[PDB]
>>> print(open('query_9.csv').read())   # CSV, C-alpha atoms
chain,number,residue,atom,x,y,z
A,1,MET,CA,-21.1,17.6,19.4
A,2,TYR,CA,-18.1,15.9,21.3
A,3,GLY,CA,-19.5,12.3,21.4
A,4,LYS,CA,-20.1,12.1,17.6
A,5,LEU,CA,-16.6,13.5,16.8
A,6,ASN,CA,-15.1,10.9,19.3
A,7,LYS,CA,-17.0,8.3,17.2
A,8,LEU,CA,-15.5,9.2,13.8
A,9,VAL,CA,-12.1,9.2,15.7
A,10,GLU,CA,-12.8,5.6,16.8
A,11,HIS,CA,-13.8,4.5,13.2
A,12,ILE,CA,-10.5,6.1,11.7
A,13,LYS,CA,-8.5,4.3,14.5
A,14,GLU,CA,-10.3,1.0,13.5
A,15,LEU,CA,-9.5,1.6,9.8
A,16,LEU,CA,-5.8,2.1,10.7
A,17,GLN,CA,-5.7,-1.3,12.5
A,18,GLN,CA,-7.2,-2.9,9.4
A,19,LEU,CA,-4.8,-1.0,7.1
A,20,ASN,CA,-1.8,-2.2,9.2
A,21,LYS,CA,-3.0,-5.8,9.2
A,22,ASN,CA,-3.5,-5.7,5.4
A,23,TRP,CA,-0.1,-3.9,4.9
A,24,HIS,CA,1.7,-6.6,7.1
A,25,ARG,CA,0.1,-9.3,4.9
A,26,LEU,CA,1.0,-7.5,1.6
A,27,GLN,CA,4.6,-6.9,2.6
A,28,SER,CA,5.1,-10.6,3.8
A,29,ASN,CA,3.5,-11.9,0.5
A,30,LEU,CA,5.6,-9.4,-1.7
A,31,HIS,CA,8.8,-10.2,0.3
A,32,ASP,CA,8.2,-14.0,-0.1
A,33,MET,CA,7.2,-13.7,-3.7
A,34,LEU,CA,10.2,-11.6,-4.9
A,35,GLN,CA,12.5,-14.2,-3.3
A,36,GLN,CA,10.6,-17.0,-5.2
A,37,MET,CA,10.7,-15.0,-8.4
A,38,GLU,CA,14.5,-14.4,-8.0
A,39,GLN,CA,15.1,-18.2,-7.5
A,40,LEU,CA,12.8,-18.9,-10.6
A,41,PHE,CA,15.0,-16.5,-12.7
A,42,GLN,CA,18.1,-18.4,-11.8
A,43,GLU,CA,16.3,-21.7,-12.7
A,44,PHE,CA,15.2,-20.3,-16.2
A,45,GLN,CA,18.7,-18.9,-16.8
A,46,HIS,CA,20.1,-22.4,-16.2
A,47,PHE,CA,17.6,-24.4,-18.3
A,48,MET,CA,17.6,-21.8,-21.2
A,49,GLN,CA,21.3,-22.7,-22.0
A,50,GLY,CA,20.7,-26.5,-21.9
A,51,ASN,CA,17.6,-28.1,-23.5
A,52,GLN,CA,16.0,-24.7,-24.6
A,53,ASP,CA,12.6,-26.7,-24.5
A,54,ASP,CA,11.0,-24.8,-27.4
A,55,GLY,CA,7.7,-23.2,-26.0
A,56,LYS,CA,7.7,-25.2,-22.6
A,57,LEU,CA,10.3,-22.7,-21.4
A,58,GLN,CA,9.6,-19.7,-23.8
A,59,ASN,CA,5.8,-19.7,-22.9
A,60,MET,CA,6.5,-20.5,-19.2
A,61,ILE,CA,8.7,-17.3,-18.9
A,62,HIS,CA,5.9,-15.4,-20.8
A,63,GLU,CA,3.4,-16.5,-18.1
A,64,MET,CA,5.7,-15.1,-15.4
A,65,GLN,CA,6.1,-11.8,-17.4
A,66,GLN,CA,2.2,-11.4,-17.3
A,67,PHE,CA,2.1,-11.9,-13.5
A,68,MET,CA,5.0,-9.5,-13.1
A,69,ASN,CA,3.4,-6.8,-15.3
A,70,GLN,CA,0.2,-7.3,-13.2
A,71,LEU,CA,2.1,-6.7,-10.0
A,72,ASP,CA,4.0,-3.7,-11.7
A,73,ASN,CA,0.6,-2.1,-12.2
A,74,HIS,CA,-0.6,-2.8,-8.6
A,75,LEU,CA,2.5,-1.4,-7.0
A,76,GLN,CA,2.3,1.7,-9.3
A,77,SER,CA,-1.4,2.2,-8.2
A,78,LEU,CA,-0.5,1.6,-4.5
A,79,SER,CA,2.4,4.2,-4.9
A,80,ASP,CA,0.0,6.7,-6.5
A,81,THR,CA,-2.7,6.2,-3.8
A,82,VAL,CA,-0.2,6.5,-0.9
A,83,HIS,CA,1.4,9.7,-2.5
A,84,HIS,CA,-2.1,11.2,-2.8
A,85,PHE,CA,-3.0,10.3,0.8
A,86,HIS,CA,0.4,11.8,1.9
A,87,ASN,CA,-0.4,15.0,0.0
A,88,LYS,CA,-4.0,15.3,1.4
A,89,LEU,CA,-2.6,14.6,5.0
A,90,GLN,CA,-0.1,17.5,4.7
A,91,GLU,CA,-3.1,19.7,3.5
A,92,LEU,CA,-5.1,18.4,6.5
A,93,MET,CA,-2.2,19.0,8.9
A,94,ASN,CA,-2.0,22.7,7.5
A,95,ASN,CA,-5.8,23.2,7.6
A,96,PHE,CA,-6.1,21.7,11.2
A,97,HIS,CA,-3.1,23.8,12.3
A,98,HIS,CA,-4.8,27.1,11.1
A,99,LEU,CA,-8.3,26.2,12.5
A,100,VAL,CA,-7.3,27.2,16.1
A,101,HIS,CA,-6.0,30.4,14.3
B,4,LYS,CA,10.9,-28.3,-9.1
B,5,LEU,CA,9.8,-25.9,-11.8
B,6,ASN,CA,6.0,-26.6,-11.9
B,7,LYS,CA,5.9,-26.7,-8.0
B,8,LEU,CA,7.9,-23.4,-7.8
B,9,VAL,CA,5.8,-21.7,-10.6
B,10,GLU,CA,2.4,-22.8,-9.2
B,11,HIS,CA,3.5,-21.7,-5.6
B,12,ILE,CA,4.2,-18.2,-7.1
B,13,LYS,CA,0.8,-18.1,-8.8
B,14,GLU,CA,-0.7,-19.0,-5.3
B,15,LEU,CA,1.2,-16.1,-3.6
B,16,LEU,CA,0.3,-13.6,-6.4
B,17,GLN,CA,-3.5,-14.5,-6.0
B,18,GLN,CA,-3.3,-13.7,-2.2
B,19,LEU,CA,-1.2,-10.6,-3.1
B,20,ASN,CA,-3.9,-9.5,-5.5
B,21,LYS,CA,-6.4,-9.8,-2.5
B,22,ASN,CA,-4.3,-7.9,0.1
B,23,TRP,CA,-3.6,-5.1,-2.5
B,24,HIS,CA,-7.4,-4.6,-3.1
B,25,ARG,CA,-8.2,-4.5,0.7
B,26,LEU,CA,-5.2,-2.1,1.4
B,27,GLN,CA,-6.4,0.3,-1.4
B,28,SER,CA,-9.9,0.2,0.1
B,29,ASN,CA,-8.5,0.9,3.6
B,30,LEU,CA,-6.4,3.9,2.3
B,31,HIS,CA,-9.4,5.3,0.4
B,32,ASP,CA,-11.8,4.9,3.3
B,33,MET,CA,-9.3,6.3,5.9
B,34,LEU,CA,-8.6,9.4,3.7
B,35,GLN,CA,-12.4,10.0,3.3
B,36,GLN,CA,-13.2,9.7,7.0
B,37,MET,CA,-10.3,12.1,7.9
B,38,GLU,CA,-11.6,14.7,5.4
B,39,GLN,CA,-15.1,14.3,6.8
B,40,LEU,CA,-13.7,14.7,10.4
B,41,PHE,CA,-11.8,17.9,9.4
B,42,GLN,CA,-15.2,19.3,7.9
B,43,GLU,CA,-16.8,18.5,11.3
B,44,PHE,CA,-14.1,20.3,13.3
B,45,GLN,CA,-14.3,23.3,10.8
B,46,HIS,CA,-18.1,23.5,11.2
B,47,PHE,CA,-18.1,23.3,15.1
B,48,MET,CA,-15.2,25.8,15.3
B,49,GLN,CA,-17.2,28.5,13.5
B,50,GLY,CA,-19.9,28.5,16.3
B,51,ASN,CA,-17.4,28.3,19.3
B,52,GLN,CA,-13.9,29.8,18.4
B,53,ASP,CA,-12.3,29.4,21.9
B,54,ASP,CA,-13.7,25.9,22.9
B,55,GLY,CA,-10.9,24.1,24.9
B,56,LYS,CA,-12.6,20.6,24.6
B,57,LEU,CA,-12.8,20.9,20.8
B,58,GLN,CA,-9.2,22.2,20.5
B,59,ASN,CA,-8.0,19.3,22.7
B,60,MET,CA,-9.6,16.9,20.2
B,61,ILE,CA,-7.9,18.9,17.3
B,62,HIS,CA,-4.6,18.6,19.1
B,63,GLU,CA,-5.0,14.8,19.5
B,64,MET,CA,-5.9,14.5,15.7
B,65,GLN,CA,-2.7,16.5,14.9
B,66,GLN,CA,-0.6,14.0,16.9
B,67,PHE,CA,-2.5,11.1,15.1
B,68,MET,CA,-1.9,12.8,11.7
B,69,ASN,CA,1.9,13.4,12.3
B,70,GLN,CA,2.3,9.6,13.3
B,71,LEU,CA,0.2,8.6,10.2
B,72,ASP,CA,2.4,10.8,7.9
B,73,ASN,CA,5.6,9.1,9.2
B,74,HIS,CA,3.9,5.7,8.7
B,75,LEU,CA,2.6,6.5,5.1
B,76,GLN,CA,6.2,7.7,4.4
B,77,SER,CA,7.5,4.2,5.5
B,78,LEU,CA,4.8,2.5,3.2
B,79,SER,CA,6.0,4.6,0.2
B,80,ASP,CA,9.8,3.8,0.8
B,81,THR,CA,9.0,0.0,1.2
B,82,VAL,CA,6.7,-0.1,-1.8
B,83,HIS,CA,9.4,1.8,-3.9
B,84,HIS,CA,12.0,-0.8,-2.8
B,85,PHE,CA,9.7,-3.7,-3.8
B,86,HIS,CA,8.9,-2.0,-7.1
B,87,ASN,CA,12.6,-1.4,-7.9
B,88,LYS,CA,13.4,-5.1,-7.2
B,89,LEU,CA,10.4,-6.1,-9.3
B,90,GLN,CA,11.6,-3.9,-12.2
B,91,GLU,CA,15.1,-5.5,-12.0
B,92,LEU,CA,13.4,-9.0,-12.2
B,93,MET,CA,11.3,-7.9,-15.2
B,94,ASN,CA,14.4,-6.5,-16.9
B,95,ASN,CA,16.3,-9.8,-16.1
B,96,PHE,CA,13.4,-12.0,-17.4
B,97,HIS,CA,13.1,-9.8,-20.5
B,98,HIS,CA,16.7,-10.6,-21.6
B,99,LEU,CA,16.1,-14.4,-21.3
B,100,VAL,CA,14.2,-14.1,-24.7
>>> encode(input="query_9.csv", output="structure tokens")
Amino acid sequence: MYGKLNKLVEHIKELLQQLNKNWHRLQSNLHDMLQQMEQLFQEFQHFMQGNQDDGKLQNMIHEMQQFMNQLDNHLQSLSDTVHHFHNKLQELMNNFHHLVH
Amino acid sequence: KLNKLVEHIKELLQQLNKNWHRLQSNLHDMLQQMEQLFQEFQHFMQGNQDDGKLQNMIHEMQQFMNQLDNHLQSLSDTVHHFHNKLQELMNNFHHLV
């Protein structure tokens, strides 16, 4: 009865600690990577006026596109998951509120 | 150094792929356990309406949920900021070609 409810509470609290560790890692990596991508943009913008470089630059930019598109999809899916969880939490807060009466 | 800078980005993005998958898992798992915990409270509240012990645990979960909601909101706002910066970079990179 009380013991087993306490146990799911502990598991949920464990999951939050892992969520936060992963979130701290994701934010750090995203933060560092957008800075590096911003610097690479300036580098490309510079070399694209000089030597052009045929494909060596045109394909190298294309590669970065594909990685950016990849990340575009991951952030969209992360947004969509968090928004769903937010919605379900507000449903849960309402449901829990009304349990008592 | 263009190759060094590019390869270093491919490094980050690999780690970034990995922390995205784990965070998705954590969010899925957490939402599922919270739903299952609600269904547990709902079941045990039908037997004993007035139980003070069970209501105290509900009240603690309400405090937990309110803190989680404010936290999820901060995740949303930060992810939106990153995604806007990313979409500015994509736009920028687009007009190189």
>>> residues_around(input="query_9.csv", residues="residue 52 of chain A", least_positions_apart="6", cutoff="12 Å", atoms="all atoms listed in the file", output="list in words")
residues 44, 45, 46, 58, 59, 60 and 61 of chain A; 99 and 100 of chain B
>>> atom_distance(input="query_9.csv", atom1="atom CA of residue 62 of chain A", atom2="atom CA of residue 6 of chain B")
14.3 Å
>>> interface_residues(input="query_9.csv", of="chain B", to="chain A", cutoff="7 Å", atoms="only C-alpha atoms", output="list in words")
residues 12, 15, 19, 22, 23, 25, 26, 27, 29, 33, 34, 36, 40, 45, 58, 61, 65, 68, 72, 75, 79, 82, 86, 92, 93, 96 and 99 of chain B
>>> atom_distance(input="query_9.csv", atom1="atom CA of residue 81 of chain B", atom2="atom CA of residue 35 of chain B")
23.7 Å
>>> atom_distance(input="query_9.csv", atom1="atom CA of residue 90 of chain B", atom2="atom CA of residue 20 of chain B")
17.8 Å
>>> build_atoms(input="query_9.csv", residues="segment 44-68 of chain B", atoms="N, CA, C and O atoms", output="short mmCIF file (atom, residue, chain, number, x, y, z; two decimals), in the coordinates of the input")
data_model
loop_
_atom_site.label_atom_id
_atom_site.label_comp_id
_atom_site.auth_asym_id
_atom_site.auth_seq_id
_atom_site.Cartn_x
_atom_site.Cartn_y
_atom_site.Cartn_z
N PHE B 44 -14.84 19.38 12.38
CA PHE B 44 -14.10 20.30 13.30
C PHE B 44 -14.35 21.76 12.78
O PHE B 44 -14.66 22.67 13.59
N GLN B 45 -14.20 21.96 11.46
CA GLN B 45 -14.30 23.30 10.80
C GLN B 45 -15.70 23.87 11.11
O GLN B 45 -15.78 25.07 11.45
N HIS B 46 -16.74 23.04 11.00
CA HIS B 46 -18.10 23.50 11.20
C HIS B 46 -18.28 23.93 12.67
O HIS B 46 -18.71 25.06 12.90
N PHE B 47 -17.87 23.08 13.61
CA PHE B 47 -18.10 23.30 15.10
C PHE B 47 -17.14 24.41 15.58
O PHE B 47 -17.42 24.94 16.64
N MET B 48 -16.07 24.71 14.87
CA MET B 48 -15.20 25.80 15.30
C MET B 48 -15.75 27.16 14.92
O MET B 48 -15.32 28.16 15.52
N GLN B 49 -16.73 27.22 14.01
CA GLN B 49 -17.20 28.50 13.50
C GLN B 49 -18.18 29.09 14.62
O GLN B 49 -18.04 30.29 14.97
N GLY B 50 -19.02 28.22 15.19
CA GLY B 50 -19.90 28.50 16.30
C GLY B 50 -19.08 28.95 17.57
O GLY B 50 -19.30 30.08 18.06
N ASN B 51 -18.16 28.09 18.02
CA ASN B 51 -17.40 28.30 19.30
C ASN B 51 -15.87 28.32 18.94
O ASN B 51 -15.25 27.24 18.93
N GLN B 52 -15.31 29.52 18.75
CA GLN B 52 -13.90 29.80 18.40
C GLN B 52 -12.94 29.27 19.53
O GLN B 52 -11.91 28.65 19.19
N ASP B 53 -13.29 29.52 20.80
CA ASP B 53 -12.30 29.40 21.90
C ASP B 53 -12.47 28.06 22.67
O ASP B 53 -11.75 27.86 23.66
N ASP B 54 -13.32 27.15 22.18
CA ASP B 54 -13.70 25.90 22.90
C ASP B 54 -12.46 25.04 23.17
O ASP B 54 -11.85 24.55 22.18
N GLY B 55 -12.13 24.84 24.45
CA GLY B 55 -10.90 24.10 24.90
C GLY B 55 -11.02 22.62 24.61
O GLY B 55 -10.00 22.00 24.22
N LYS B 56 -12.22 22.06 24.84
CA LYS B 56 -12.60 20.60 24.60
C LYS B 56 -12.35 20.31 23.12
O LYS B 56 -11.74 19.26 22.81
N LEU B 57 -12.84 21.18 22.25
CA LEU B 57 -12.80 20.90 20.80
C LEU B 57 -11.35 21.03 20.32
O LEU B 57 -10.93 20.14 19.58
N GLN B 58 -10.62 22.04 20.80
CA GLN B 58 -9.20 22.20 20.50
C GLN B 58 -8.35 21.04 21.02
O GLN B 58 -7.39 20.64 20.34
N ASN B 59 -8.69 20.50 22.19
CA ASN B 59 -8.00 19.30 22.70
C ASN B 59 -8.12 18.17 21.67
O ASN B 59 -7.12 17.46 21.43
N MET B 60 -9.33 17.98 21.14
CA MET B 60 -9.60 16.90 20.20
C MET B 60 -8.82 17.16 18.88
O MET B 60 -8.29 16.21 18.28
N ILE B 61 -8.76 18.43 18.46
CA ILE B 61 -7.90 18.90 17.30
C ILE B 61 -6.50 18.47 17.58
O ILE B 61 -5.86 17.81 16.73
N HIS B 62 -6.01 18.80 18.78
CA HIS B 62 -4.60 18.60 19.10
C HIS B 62 -4.27 17.09 19.08
O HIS B 62 -3.20 16.74 18.53
N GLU B 63 -5.17 16.25 19.61
CA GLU B 63 -5.00 14.80 19.50
C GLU B 63 -5.00 14.33 18.04
O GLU B 63 -4.17 13.47 17.71
N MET B 64 -5.87 14.88 17.19
CA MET B 64 -5.90 14.50 15.70
C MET B 64 -4.59 14.94 15.05
O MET B 64 -4.13 14.22 14.13
N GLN B 65 -4.01 16.07 15.44
CA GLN B 65 -2.70 16.50 14.90
C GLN B 65 -1.61 15.52 15.26
O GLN B 65 -0.80 15.25 14.39
N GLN B 66 -1.60 14.99 16.49
CA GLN B 66 -0.60 14.00 16.90
C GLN B 66 -0.81 12.70 16.10
O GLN B 66 0.18 12.08 15.66
N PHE B 67 -2.07 12.32 15.93
CA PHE B 67 -2.50 11.10 15.10
C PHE B 67 -2.00 11.32 13.68
O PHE B 67 -1.40 10.41 13.13
N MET B 68 -2.26 12.48 13.09
CA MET B 68 -1.90 12.80 11.70
C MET B 68 -0.37 12.77 11.49
O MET B 68 0.08 12.25 10.44
#
